[PDB]
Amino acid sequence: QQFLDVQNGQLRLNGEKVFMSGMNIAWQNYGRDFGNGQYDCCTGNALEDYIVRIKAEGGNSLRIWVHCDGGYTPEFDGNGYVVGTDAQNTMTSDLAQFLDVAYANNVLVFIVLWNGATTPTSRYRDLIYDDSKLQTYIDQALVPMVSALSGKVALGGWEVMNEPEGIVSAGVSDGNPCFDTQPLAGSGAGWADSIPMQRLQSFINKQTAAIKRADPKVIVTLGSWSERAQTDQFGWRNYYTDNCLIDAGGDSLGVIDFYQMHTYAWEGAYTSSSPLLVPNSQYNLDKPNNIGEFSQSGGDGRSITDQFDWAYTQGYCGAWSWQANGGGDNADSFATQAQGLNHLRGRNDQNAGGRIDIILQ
């Protein structure tokens, strides 16, 4: 049995280079889609409809978020130790149902545990700071879930945290360059909290390692809010290299498989080092790279088709637009995002992004 993997700096499925073309969902009911019987009562039909509608437009993948700010899941006891994925222990079965639908539609699913783009709830923040509590998350929620889901063919990968740089203390010197955030000074990082980089990296490293012990074939990614935290080129730094994650968390297995840069324009202009403006090779990375979020509305005027085209032709392993539910600042409509999916449908230039029309059988 074949699952999505990485070789020779390429994303591959079975023999073949593949490109992940799709949308961030990123949720239906934010932080309340999976777990606590929500999928069967309330969210499952809407969520499955996104899978179908994405595939119908020619996409082959999606990114979806689960715990978010920790406000609903996972399930914390009175002292902040985690006792399970959710109060009703439905999360795993809920995701199972979602993944079975994805398989039936030949769509690969990328699952994001935590959100770094909003301020954490105190129980979630405490997992970042207290390893004893984090280990209960790992043992009581994450490992059992990951293990149980380890045979689902449509599970493309896990992602510990969306945009850790939202909650990082930016512009702070350190003797260890892995923990030094001076390259992020003036970037707008740290809009939601000021947690040290080392603690974010450790949190990531430990959970990544735990996912890979529970499922030794699954890939893991980590979506940074801009290129500024995932390249050592252009004056930036790559905070999620094997060496930095291991330096922070101590676990040799806690390494990611593909880099993922999000990109949006600020005051109507992208950075000159935006992944929608430079070819992925200029980042000189040791893993493939996915443009994991972007949008036409959150761009500089270029069209959604221009953006998917750039990702496909200039060295990236995927492109996920923001976002299928159409909601909030910098979200495009589903219809707009569909135009980009349409544009990549049927492509299979192995010298460029590779196969779009994937078949999971």
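Counting begins at 1, following the sequence as shown.
Checklist entry - So among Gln140, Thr263, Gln260, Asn280, who wins on Cα B-factor in the entry? => result The C-alpha B-factor peaks, among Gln140, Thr263, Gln260, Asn280, at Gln140.
Checklist entry - When you compare the CA B-factors of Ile291, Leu200, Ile256, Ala87 as listed in the entry, which one comes out on top? => result The listed residue with the largest C-alpha B-factor is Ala87.
Checklist entry - Compared with the other modelled residues in the chain, in which third is the CA B-factor of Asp300? => result Highest third of the chain for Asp300's C-alpha B-factor.
Checklist entry - Hey, what third does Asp94 fall into on Cα B-factor, ranked over its chain? => result Lowest third - that is where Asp94 ends up once the chain's C-alpha B-factors are sorted.
Checklist entry - Lowest, middle or highest third: where is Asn24 by Cα B-factor in its chain? => result Lowest third - that is where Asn24 ends up once the chain's C-alpha B-factors are sorted.
Next on the checklist: Please say which third, lowest, middle or highest, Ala311 falls into when its CA temperature factor is compared across its chain.
Outcome noted: Within its chain, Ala311 is a middle-third residue by C-alpha B-factor, going by the deposited values.
Checklist entry - What third of its chain's C-alpha B-factors does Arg228 belong to: lowest, middle or highest? => result For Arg228, whose C-alpha B-factor we compare with every modelled residue in the chain, the answer is the middle third.
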